[PDB]
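Colleague: quick one: initial chain(s) of a complex, as found there:
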Amino acid sequence: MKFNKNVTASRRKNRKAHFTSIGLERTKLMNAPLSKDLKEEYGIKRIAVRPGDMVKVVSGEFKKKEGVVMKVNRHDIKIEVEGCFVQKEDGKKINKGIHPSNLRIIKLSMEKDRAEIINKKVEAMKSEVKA
Amino acid sequence: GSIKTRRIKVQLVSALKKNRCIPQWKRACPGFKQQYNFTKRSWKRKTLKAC
Amino acid sequence: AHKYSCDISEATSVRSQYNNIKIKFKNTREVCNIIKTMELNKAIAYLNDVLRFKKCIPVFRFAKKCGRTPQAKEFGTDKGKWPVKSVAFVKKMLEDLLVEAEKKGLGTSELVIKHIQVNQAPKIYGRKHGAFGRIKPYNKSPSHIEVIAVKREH
């Protein structure tokens, strides 16, 4: 049960809040679980998927496959994974997008600011965990 | 006619730049849903009231 | 894809269909009606005579107040007509099926027009101005067409 009356439980309101999200709230939509080993290598339980990271598909047509993330579509919430595609009548191949939550991370791309992003989150935990 | 005031001329100039179809590249954009520009006019079918 | 209005085998038949054609509906079905069950070479010969005013199309359903004519006696009626615009279209359509027949490896002979039908397409709107400040409709009535010809068993 919910006892805070400032938070809404309306279906109409929850749905609008989802689809009209922007900025950091949009980034929260692209989160995926880490594998059991990585959850010992790092403190975090889940992270936003980025290009170059390595993922196992755990639901759908392409179940059991593994591959590298090629692109991240923020407007239509989908991820393109290397080697997951369909062939047209022409023989031409189109990558099919997968929803973030159907993936699981196997190796992290550590290019750019990723190491600082991870550090910032670990500290935020401990700050309140140790109190 | 040939004699015009400055105020009448600016109204004609603005009414002439607005009278154009949707550019052909916009139709390819993922989020774009318009078919035809409903604000297009013809001198044979409407008056501007520039007077 | 198109669902033709009846069931005949793909082997031993040839087909065509067109949509929204801009020949006039009522004129076209009077043409189609008379060439049903006719042999294809006979059909093409007959339609050539209509273009030259040597033979006519008889009329039976869309026929009120029509003119009487000695050429109609060949079909046991008095009433007939010469709808040039519809005849030119149907003639072209039939000639193309002989190309298809030849290319497909049937004979150019013993082909008989087994099925043919016309349907109404949606109206194209127009206007005419009348007296006392009124406006009245002035629309156009196009058509859709199907044909299937088959080889006689004989």
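Modeller: Alright, I've got the coordinates. Numbering: from 1, shown residues only, chains lettered A, B, ... in the order given.
Colleague: gap between the two ends of stretch C:72-89?
Modeller: Using Cα to Cα, to the nearest Å, one end of stretch C:72-89 lies 22 Å from the other.
Colleague: Kindly report the same for stretch A:31-44.
Modeller: Using Cα to Cα, the end-to-end distance of stretch A:31-44 comes to 12 Å.
Colleague: Can you report how many residues lie near residue C:81?
Modeller: Neighbours of residue C:81 under the rule other Cβ atoms under 10 Å in any protein chain shown: 19. Quick note: C-beta positions are derived from backbone N, CA and C, even for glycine.
Colleague: swap in the one 5 residues further on?
Modeller: Residues lying near residue C:86 (other Cβ under 10 Å) number 23.
Colleague: do the same with residue A:36
Modeller: 8.
Colleague: One more: the one 5 residues further on?
Modeller: As a burial measure, residue A:41 scores 10 neighbours (other Cβ under 10 Å).
Colleague: so how far is residue A:47 from it?
Modeller: Separation of residue A:41 from residue A:47 (Cβ to Cβ, to the nearest Å) stands at 12 Å.
Colleague: and the next element down the chain from the top helix by length along chain C?
Modeller: Secondary structure of chain C per DSSP state H: the longest helix is helix C:84-104. The C-terminal neighbour of helix C:84-104 among helices and strands, as given by DSSP states H and E, is strand C:111-120.
Colleague: Give me the residues contacting that following strand.
Modeller: The contact list for strand C:111-120, computed with Cβ atoms under 8 Å, 6 or more residues apart in numbering or on different chains, reads C:4-6, C:8, C:13-14, C:25, C:28-29, C:32, C:35-41, C:43, C:97-98, C:101, C:141, C:143-152.
Colleague: The longest helix of chain C - contacts with which helices or strands?
Modeller: Helix C:84-104 sits against strand C:13-18, helix C:25-35, helix C:40-51, strand C:111-120, strand C:143-151, with contacts defined as 3 or more Cβ pairs under 8 Å, 6 or more residues apart in numbering or on different chains; DSSP states H and E.
Colleague: any chance of these in a markdown table, with distance to residue A:88 and mean neighbour count too?
Modeller: Below are the helices and strands packed on helix C:84-104 laid out as a markdown table (distance: least, Cβ to Cβ, whole Å; neighbours: other Cβ atoms under 10 Å in any protein chain shown):
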| stretch | distance to residue A:88 | mean neighbour count |
| --- | --- | --- |
| strand C:13-18 | 27 | 16 |
| helix C:25-35 | 39 | 19 |
| helix C:40-51 | 40 | 17 |
| strand C:111-120 | 34 | 18 |
| strand C:143-151 | 31 | 20 |
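Colleague: ok, now chain D:
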Amino acid sequence: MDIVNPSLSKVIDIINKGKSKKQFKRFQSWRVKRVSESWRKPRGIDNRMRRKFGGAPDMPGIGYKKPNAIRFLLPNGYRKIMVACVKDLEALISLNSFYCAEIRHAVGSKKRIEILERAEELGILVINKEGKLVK
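Modeller: Just below you will find chain D, in place on the chains above:
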């Protein structure tokens, strides 16, 4: 399906051949397409059917009601009960002399198999037995 209630076997044909096939169509439903066939009583001031002139059709009423014993009886000599569960057949265990079961349309294939198996061992007649499960 060719089955009959054993208590009525030597009588069922007399019963069936005795049932009326009269229909009570609404007045002038034959004249305009906007009036459906479903019965409504005419209430006009001039109306020839309400006033019961000879040559107009007949109106419904209590005189046409069937005898209390024959009423509701299917042509196989049983009355019907609707079922949708295995636990429904359990009700018929005392009544199987006069009543039979009809599985509701929305029950799907996998479940129908379980209903029919139970019907066989309890000794209950099911009239939709073939149903969708012919394939």
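Colleague: Could you re-examine the neighbour count of residue C:86 with chain D now present?
Modeller: For residue C:86, using other Cβ under 10 Å, the count is 23.
Colleague: same check, this time on the one 3 residues further on
Modeller: Summarising burial for residue C:89: neighbours were counted as other Cβ under 10 Å, giving 17.
Colleague: Spatially nearest residue to it (excluding sequence neighbours)?
Modeller: Distances taken as Cβ to Cβ, 6 or more residues apart in numbering or on different chains place residue C:23 nearest to residue C:89, at 5.3 Å, with adjacent residues excluded.
Colleague: For the lengthiest helix in chain D, C-alpha coordinates in CSV please.
Modeller: Counting by DSSP H, the longest helix found in chain D is helix D:109-122. Below are the C-alpha coordinates for helix D:109-122, written out as CSV (Å, rounded to 0.1, in the frame of the first residue of the first chain):
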residue,chain,number,x,y,z
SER,D,109,-9.9,-27.5,-26.8
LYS,D,110,-7.5,-28.4,-24.0
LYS,D,111,-10.2,-28.1,-21.4
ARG,D,112,-12.9,-29.9,-23.5
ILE,D,113,-10.9,-33.1,-23.5
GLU,D,114,-10.9,-33.1,-19.6
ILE,D,115,-14.7,-32.5,-19.6
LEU,D,116,-15.4,-35.4,-22.0
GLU,D,117,-13.2,-37.9,-20.1
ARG,D,118,-15.2,-37.2,-16.9
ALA,D,119,-18.6,-37.4,-18.8
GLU,D,120,-17.7,-40.9,-19.9
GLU,D,121,-17.1,-42.3,-16.4
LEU,D,122,-20.0,-40.6,-14.7
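Colleague: got a list of contacts for it?
Modeller: The contact list for helix D:109-122 (Cβ under 8 Å, 6+ apart) reads D:83, D:85-86, D:89, D:92-93, D:96, D:101, D:103, D:107, D:125-126, D:129, D:131-133.
Colleague: Quick one, which of these are buried?
Modeller: Buried members of those, counted by 16 or more other Cβ atoms under 10 Å in any protein chain shown: D:83, D:89, D:92, D:101, D:103, D:107, D:125, D:126.
Colleague: On the three-state scheme, residue 101 is what?
Modeller: No chain specified, so I'll use chain A. Here residue A:101 is recorded as helix under DSSP: H, G, I helix; E, B strand; the rest coil.
Colleague: Hmm, no, I was thinking of chain D.
Modeller: Here residue D:101 is recorded as strand under three-state DSSP.
Colleague: Report the separation between the residue nearest to the spatial centre of chain A and residue C:58.
Modeller: Nearest to the geometric centre of chain A sits residue A:31, at 2.7 Å (Cα atoms, centre = their mean). Relative to residue C:58, residue A:31 is positioned 78 Å away (Cβ to Cβ).
Colleague: and chain E, same structure:
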Amino acid sequence: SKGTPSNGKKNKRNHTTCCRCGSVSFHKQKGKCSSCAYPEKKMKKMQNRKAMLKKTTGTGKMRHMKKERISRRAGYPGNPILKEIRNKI
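Modeller: So that you can see how it sits with the rest, here is chain E on the chains above:
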């Protein structure tokens, strides 16, 4: 006659664009606008509630009024170079 033939003579134009309201309703001979009463200081009485709500605050852009509300929310902080003047006052 009073119908079609009299329509041919209708080539003069009594109203032009008003400089206060845009509405092509300034009567040149009377020296007055029929929408907004220019050149009188106050705006005209509008005929009914339906017609007046079409020209109320919030029907346009409200540029200044929106900024003022944001500044009030923030506590009127001013330009940060000049904090010392603010603090003294």
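Colleague: please look at the neighbour count of residue A:41 again, because chain E has been put in.
Modeller: When neighbours are counted by other Cβ under 10 Å, residue A:41 registers 10.
Colleague: tell me the SS of residue 50?
Modeller: Chain wasn't specified; assuming chain A. For residue A:50, the assignment made with three-state DSSP gives coil.
Colleague: The chain in question should be chain B.
Modeller: Following three-state DSSP, residue B:50 is assigned to coil.
Colleague: Am I right that residue A:55 sits in a strand?
Modeller: Yes - applying three-state DSSP, one finds residue A:55 inside a strand.
Colleague: Just list whatever residues bridge to it.
Modeller: residue A:67, residue A:105 (DSSP bridges).
Colleague: Mind listing residues that contact the longest helix of chain C?
Modeller: With contacts defined as Cβ under 8 Å, 6+ apart, helix C:84-104 is touched by C:14, C:16, C:18, C:21, C:23-24, C:27-28, C:31-32, C:35, C:40, C:43-44, C:47-48, C:50-51, C:57, C:107-108, C:111, C:145, C:147, C:149.
Colleague: and stretch E:5-15, which residues are buried?
Modeller: The neighbour-count check on stretch E:5-15 (16+ other Cβ under 10 Å) flags residue E:15 as buried.
Colleague: Return it as CSV; C-alpha atoms alone will do.
Modeller: Coordinates of each C-alpha in stretch E:5-15 appear next as CSV, following Å, rounded to 0.1, in the frame of the first residue of the first chain:
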residue,chain,number,x,y,z
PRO,E,5,-26.6,45.4,-61.3
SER,E,6,-26.0,47.5,-58.2
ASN,E,7,-23.2,45.2,-57.0
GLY,E,8,-21.0,46.5,-59.9
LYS,E,9,-20.7,50.0,-58.3
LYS,E,10,-19.1,48.7,-55.0
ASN,E,11,-15.5,49.7,-55.5
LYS,E,12,-14.7,52.0,-52.6
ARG,E,13,-13.3,50.8,-49.2
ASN,E,14,-14.2,52.5,-45.9
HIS,E,15,-12.0,50.4,-43.4
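Colleague: how far out from the middle of the chain is it?
Modeller: 30 Å (Cα atoms, centre = their mean, to the nearest Å).
Colleague: Say whether chain B is contacted by that stretch.
Modeller: Yes - for a cut-off given as Cβ under 8 Å from any Cβ of the partner chain, stretch E:5-15 has contacts with chain B, namely E:13, E:15.
Colleague: Next up, the contacts around the residue nearest in space to the middle of chain C.
Modeller: In chain C, the residue lying closest to the centroid (Cα atoms, centre = their mean) is residue C:32, at 3.6 Å. By Cβ under 8 Å, 6+ apart, the contact set of residue C:32 is C:90, C:116, C:117, C:118.
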